[PDB]
Amino acid sequence: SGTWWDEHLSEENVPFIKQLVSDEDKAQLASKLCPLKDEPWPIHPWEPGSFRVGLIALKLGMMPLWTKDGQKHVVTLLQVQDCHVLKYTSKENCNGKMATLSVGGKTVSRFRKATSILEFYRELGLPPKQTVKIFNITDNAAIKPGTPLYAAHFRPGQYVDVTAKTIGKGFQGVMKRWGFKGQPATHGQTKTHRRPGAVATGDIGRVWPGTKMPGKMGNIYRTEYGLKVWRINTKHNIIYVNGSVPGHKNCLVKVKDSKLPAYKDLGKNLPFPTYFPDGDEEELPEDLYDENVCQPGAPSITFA
Amino acid sequence: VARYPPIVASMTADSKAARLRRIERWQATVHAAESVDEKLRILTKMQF
Amino acid sequence: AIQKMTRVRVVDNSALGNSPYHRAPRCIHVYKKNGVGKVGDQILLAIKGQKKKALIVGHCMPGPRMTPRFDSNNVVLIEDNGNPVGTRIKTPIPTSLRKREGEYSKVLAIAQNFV
Amino acid sequence: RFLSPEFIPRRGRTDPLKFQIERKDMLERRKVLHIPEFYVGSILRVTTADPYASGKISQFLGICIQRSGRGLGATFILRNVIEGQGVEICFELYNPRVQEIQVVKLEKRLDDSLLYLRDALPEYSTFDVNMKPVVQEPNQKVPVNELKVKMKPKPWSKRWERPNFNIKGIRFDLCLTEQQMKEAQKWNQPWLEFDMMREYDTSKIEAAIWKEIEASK
Amino acid sequence: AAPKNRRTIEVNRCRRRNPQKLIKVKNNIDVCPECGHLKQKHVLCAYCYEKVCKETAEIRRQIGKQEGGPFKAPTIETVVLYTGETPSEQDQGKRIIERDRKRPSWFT
Amino acid sequence: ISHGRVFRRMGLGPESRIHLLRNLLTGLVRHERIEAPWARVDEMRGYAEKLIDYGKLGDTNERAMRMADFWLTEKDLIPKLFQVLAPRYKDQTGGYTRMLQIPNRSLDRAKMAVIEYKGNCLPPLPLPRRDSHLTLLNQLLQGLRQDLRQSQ
RNA sequence: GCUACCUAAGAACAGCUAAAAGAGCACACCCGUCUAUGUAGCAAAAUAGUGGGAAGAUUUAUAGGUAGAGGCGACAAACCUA
Ligand SMILES: [Mg+2]
Ligand SMILES: [Zn+2]
């Protein structure tokens, strides 16, 4: 007999558990708002060859952004909700060549997760997260499990690797899944309009692996590479990312610094372990900008 | 001030009260005829 | 946009431009890697049995936002060397031609109006 | 009171925090220049700097035929057939190359989209470029002029005779004949205007927007 | 297309006996508190719903009796009343329909 | 792809979906509880919820009368919409309907459902009433909200 | 009793333009140009649209007649119970 959390509760105990467990989520989220006044791991400066932990954000949508050369740059919104680091995995047992950290975001219901998953967060003292991503790091950057991660971890002018599951399209055919040309409509052509043509040759008595034939579109993890941050809203935790991000609106992404050789070495000015708001030195404004962006509130741009 | 629709059957439904309105829209055409020859035509046009 | 054999209009004070009878010039080529021709693209043009190079100045196709979307596909005529055929241009011409690559300073000295 | 269309969020599954962040950048731009009440029948003179010249301004006058675009990239498209030739510029409302926008004649036509003026006569769409703005009245109703246009013959750009467009700005009767009045009424589709879930009931949403507007001042 | 060679007893034996083609054992099932006929979760009782609808039948039978014929519908809210009862002062001024059985224990 | 679309396509077309919900909503104003399949109840359920919202605009509204000639197939339920159902849900702002799932039909084994207007002349349908406050799990957690009330 | 032709005595052919037209448009009807569906199909030859004729060398009901070294044929060496 499959159960759920709310199977035997009366109408007098349904609002209590709705209030109490959500207050437990808000208490543990507000107990973890001080990384530096707790005991952290040591801070190290940036070195050539060092990598940094990323974030998990939600894609709100896009608004247009205009630059001082007078061209429109579409910018997607990448809003970071409740980003905490959950686990550290060392150099020796990481099954790779870089070490890793695990980070989760989008706190979800504690009633709708497996008991093996819930014992992880119950040790940490955190609400359970929706999606857990693993970031390759070096040993220079190592952050204790439990610190919050904010939007000002990144900075404007920084190029960013973003990946998520793309919009699934179900079982699709030929001219939509792979963009082939198909057959003409009229001039004979009785039942061939969106049909795959020849698959292989005659001497091949089979079909090769990896041939393009109808199957399920989308719902795979794709990465877009080299996307500039133009702007950061610190108040609502917004990353303003250039172009389009894989996935639908209100979806969870993986926000990593770029892999591109020209765009992966320039990391001197970036705050290296994370960004810590408890440092209390030069508190960041409402909105951090790039050089080329137009300020909403700056006057009309005159090119003379 | 509130013009309610009048409570009748519909002309196109398949029932017995909708049949009786379809009888009356025939019986409106007998009332609206000009000559007696037009009345005698539509009163005896459907051979049953 | 302008593919092969669209009907366009020549906006020039030429003696070759005021064509009687079949008063609709038909293009035969676009000088791009696509068939698609935009504002400031060379095309060929067949006028009165004579094939002639031409330059797209505004089209009926919606392009970028603050650029005009002219209700007639109007095209100026040039020869192979690059200067225009005519002496005056009376139609409006967009000012998007200056930045774009090509012999377009020849055209903008002929336009009477810049809208 | 007039609430401009772009402040209304389109029906969708977008998070309302996206449109709250959008409305902050809408209202900071509106401090720079004044955006007047301009309708679909309004005539506007828009001055814009552009990066194509050496830094001059361009004043383009036109009829604001179509005012869609729902967000920070709100657009409006103007028409002029100056020197006998049609000019069609889609002006983005919040682009920072605009300096000032003003209305010449603040009026409204019977139709929500004047895209049919492409297929109308050019006499009903030409406008004097150096013409003075009309004197405005402070608190009265906006003027609606029933200036139902006459068109060119049957091969139009779009099938405006169909009732899916719902055009109420054509004198249809003298340019189109009665048999192809009836054939266009075959696409009447009378169930749409009686419907409930294809009607986006937006009355509650303006209360939060107007709360946001006046709290920004 | 036609089969080049016939499908044998073993290949059918695996295919029509797969757990995907085998029907699933459902765990959706409870016993009703009131009547005792075993119901399912997330649906109503088949016995209790047939109890109400067959009780609804003689109630709606009498609605057609007090009008007689079509296109005659009340403009007043209505209360059903069983035997051994009086109309209340809230029930004064309604169309009160009477079916001659005792008041059922599930009706309130 | 139907990401987006909330309209089940039914009937023999988009005209025929409207008329089949028009007929189904009308029996919900006369009999005030009806039986229909899941795709036909839940399509019609929103139109039943906004029937009363358009019936609370008043007797004298032209628009509430012009949709009433369409959306009620019969013409004598037009008084019943504006004078029985509308003053009954006068205080309420939403949720005037009650949709519950019925055991399946004998013919096509259809996932059928019962829909009514909340409060009626009819006998009460056996709506699923949940567990009492006197059980083992309630009384253990009644001590939770009784202890934590004294923590202020 | 299908069909090819024939005999007997019958029937049908709106409206429109024109006048006594194997005339024009166009129904009912007759035929089957092209396409699509269908191809163990609804159908051992159909359906939907588009088409040809539709007062005539027309179409059609009924009864009769010609029978295989034959009949019949505005010859397709077609048709004569798939
Ligand atoms: Mg067009
Ligand atoms: Zn029961």
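Residues numbered from 1 in each chain as written, not as in the entry; some residues may be left out. Chains lettered and ligands numbered in written order. Part of a larger assembly, values for the part shown. Heavy atoms only, no water.

- Looking at the entry header, you'll see cryo-EM listed as the method and 3.4 Å as the resolution.

### Describing the coordination of the zinc ion (ligand 2)
A four-donor tetrahedral metal ideally has 109.5 degree angles, and a six-donor octahedral metal ideally has angles of 90 or 180 degrees.
Residues and elements named next belong to chain E.
Part 1 of the reasoning: Coordination sphere of the zinc ion (ligand 2), protein contribution only: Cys35 (SG) and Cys45 (SG), at 2.5 Å. Of this pair, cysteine 35 sits in the loop between α1 (9–15) and α2 (46–67) while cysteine 45 sits in the loop between α1 and α2, and the two are 10 residues apart along the sequence.
Part 2 of the reasoning: Residue classification places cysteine 45 among the buried positions, given a relative accessible area of 8%. (Donors = N, O, S within 2.8 Å, 3.2 Å for Na, K, Ca; no water. Helix = DSSP H or I, 4+ residues; strand = E, 2+ residues; numbered from the N terminus. Buried < 20%, exposed > 50% of the residue type's maximum accessible area, 1.4 Å probe, protein only.)

### Some thoughts on the state of the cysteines
Part 1 of the reasoning: Considering all chains together, one arrives at zero disulfides over all chains under this definition.
Part 2 of the reasoning: We note that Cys83(A) lacks a disulfide partner, and the nearest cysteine sulfur, in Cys251(A), lies 15 Å from it. (Disulfide = S-S within 2.5 Å.)

### Topic: the sheet that holds strand β1 (residues 9–10) of chain C
Residue and element names in this part refer to chain C.
Part 1 of the reasoning: Here four strands make up an open sheet; going across it, the order is β1-β4-β3-β2 and the pairing mixed. The open sheet has two edge strands, β1 and β2 (42–47), and neither has a second partner.
Part 2 of the reasoning: Here strand β3 (residues 50–56) runs beside strand β4 (residues 74–77); their pairing, made up of three bridges, is antiparallel. Paired with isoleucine 56 across the strands is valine 75, a residue of β4. (Pairing = 2+ DSSP bridges.)

### Observations regarding the environment of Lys87(A)
Part 1 of the reasoning: Here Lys87(A) is to be found in strand β3 (residues 83–89).
Part 2 of the reasoning: Leaving out residues up to four positions away in the same chain, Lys87(A) has contacts with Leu101(A), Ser102(A), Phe120(A) and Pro145(A). (Contact = heavy atoms within 4.5 Å.)

### Re the pairing of β2(C)
Residues and elements named next belong to chain C.
Part 1 of the reasoning: Among the six residues that make up β2, five are buried, leaving the element largely enclosed by the rest of the structure.
Part 2 of the reasoning: As judged from the six bridges shared by β2 and β3, these two strands associate in the antiparallel manner. Directly across from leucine 45, in β3, lies its bridge partner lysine 52.
Part 3 of the reasoning: Adjacent in sequence and paired antiparallel, β2 and β3 are bridged by two residues, among which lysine 48 carries a positive phi angle near 55 degrees.

### What to know about a positive patch on the surface
All names here are of chain E.
Part 1 of the reasoning: On the surface, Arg7, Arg13, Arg16, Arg17 and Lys21 cluster together into a positively charged patch.
Part 2 of the reasoning: Relative to the helices and strands, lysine 21 resides in the loop between α1 and α2.
Part 3 of the reasoning: The exposure class of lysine 21 is partly exposed, given its relative accessible area of 47%. (Patch = residues over 30% accessible without salt bridge, like charges linked within 9 Å, V, L, I, M, F, W, Y side chains within 5 Å. Areas by Shrake-Rupley, 256 points an atom, 1.4 Å probe, with all protein chains shown as cover. Salt bridge = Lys/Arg side-chain N within 4 Å of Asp/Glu carboxyl O. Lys, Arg positive; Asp, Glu negative; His and termini not counted. Charge placed at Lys NZ, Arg CZ, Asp CG, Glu CD.)

### Comments concerning the layout of surface pockets
Part 1 of the reasoning: By volume, the largest pocket is sized at about 1,700 Å³.
Part 2 of the reasoning: What lines the largest pocket is a set of 37 residues, among which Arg10(D), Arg70(D), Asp112(D), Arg198(D) and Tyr200(D) lie closest to the centre.
Part 3 of the reasoning: Class assignment of the residues belonging to the lining of the largest pocket gives a composition of 16 nonpolar, nine polar and 12 charged.
Part 4 of the reasoning: Roughly 1,300 Å³ of volume is contained in the second largest pocket.
Part 5 of the reasoning: Looking at the second largest pocket, it is lined by 31 residues, and the ones nearest its centre are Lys39(E), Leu127(F), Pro128(F), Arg129(F) and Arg130(F).
Part 6 of the reasoning: Of all the secondary structure elements, the ones that give two or more residues to the lining of the second largest pocket are α2 of chain E together with β2 (97–101) of chain F. (1 Å grid on protein atoms, 1.4 Å probe; cavity = no way out; pocket = protein on both sides within 12 Å on 5 of 7 lines; lining within 4 Å. Points joined across faces, edges and corners; volume = space filled by probe spheres on them. Nonpolar A, V, L, I, M, F, W, Y, C, P; charged D, E, K, R; others polar.)

### Quick look at the arrangement of the chains
Part 1 of the reasoning: With eight pairs of chains in contact overall, the contact-richest pair is chains A and D.
Part 2 of the reasoning: Across the gap from chain A to chain B, with no contact made, the nearest C-alpha atoms are 41 Å apart.
Part 3 of the reasoning: As for chain E relative to chain C, no contact occurs, and the smallest C-alpha gap between them is 44 Å.

### Thoughts on the interface of chain F and chain A
Part 1 of the reasoning: Taken together, the contact between chain F and chain A spans 14 residues of the former and 17 residues of the latter.
Part 2 of the reasoning: With both sides pooled, the region where chain F packs onto chain A buries about 1,200 Å², and carbon together with sulfur makes up 56% of that total.
Part 3 of the reasoning: The largest share of the area that chain F buries against chain A comes from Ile1(F), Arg130(F) and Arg145(F), three residues that together contribute 44% of it.
Part 4 of the reasoning: Remark: the boundary between chain F and chain A carries one salt bridge.
Part 5 of the reasoning: One salt bridge in this structure joins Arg130(F) and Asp6(A), with 3.1 Å as the shortest N-O distance.
Part 6 of the reasoning: Where chain F packs against chain A, one counts seven residue pairs in polar contact.
Part 7 of the reasoning: Residues belonging to the side of chain F that touches chain A are distributed by class as follows: five nonpolar, six polar and three charged. (Buried area = accessible area lost by both parts, 1.4 Å probe. Polar contact = N/O pair within 3.5 Å; in protein donor to acceptor, adjacent residues only side chain to side chain.)

### What to know about the pairing of strand β4 (residues 87–92) of chain D
Side-chain direction in a regular strand flips from residue to residue, so the side chains alternate between the two faces of the sheet.
Residue and element names in this part refer to chain D.
Part 1 of the reasoning: In terms of burial, β4 is a largely internal element, six of the six residues being buried.
Part 2 of the reasoning: Examined bridge by bridge, strand β3 (residues 75–80) and β4 share six bridges and lie antiparallel to one another. Opposite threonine 75, over in β4, you have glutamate 92 as the bridge partner.
Part 3 of the reasoning: Remark: six residues form the turn of the hairpin made by β3 and β4, two consecutive strands paired antiparallel; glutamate 83 in that turn has positive phi of roughly 50 degrees.

### Focus on a nonpolar patch on the surface
Part 1 of the reasoning: Where nonpolar side chains cluster on the molecular surface, the patch consists of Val199(A), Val207(A) and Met213(A) and spans about 230 Å² of accessible area.
Part 2 of the reasoning: For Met213(A), the location among the structural elements is in the loop between β8 (170–172) and β9 (215–217).

### Considerations on the environment of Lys38(C)
Residues and elements named next belong to chain C.
Part 1 of the reasoning: Examined against the element boundaries, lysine 38 turns out to sit in the loop between β1 and β2.
Part 2 of the reasoning: Separated by 19 residues in sequence, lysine 38 and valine 57 place their C-alpha atoms 8.0 Å apart.
Part 3 of the reasoning: The contact partners of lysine 38, leaving out residues within four places of it in the chain, are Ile56, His59 and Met61.

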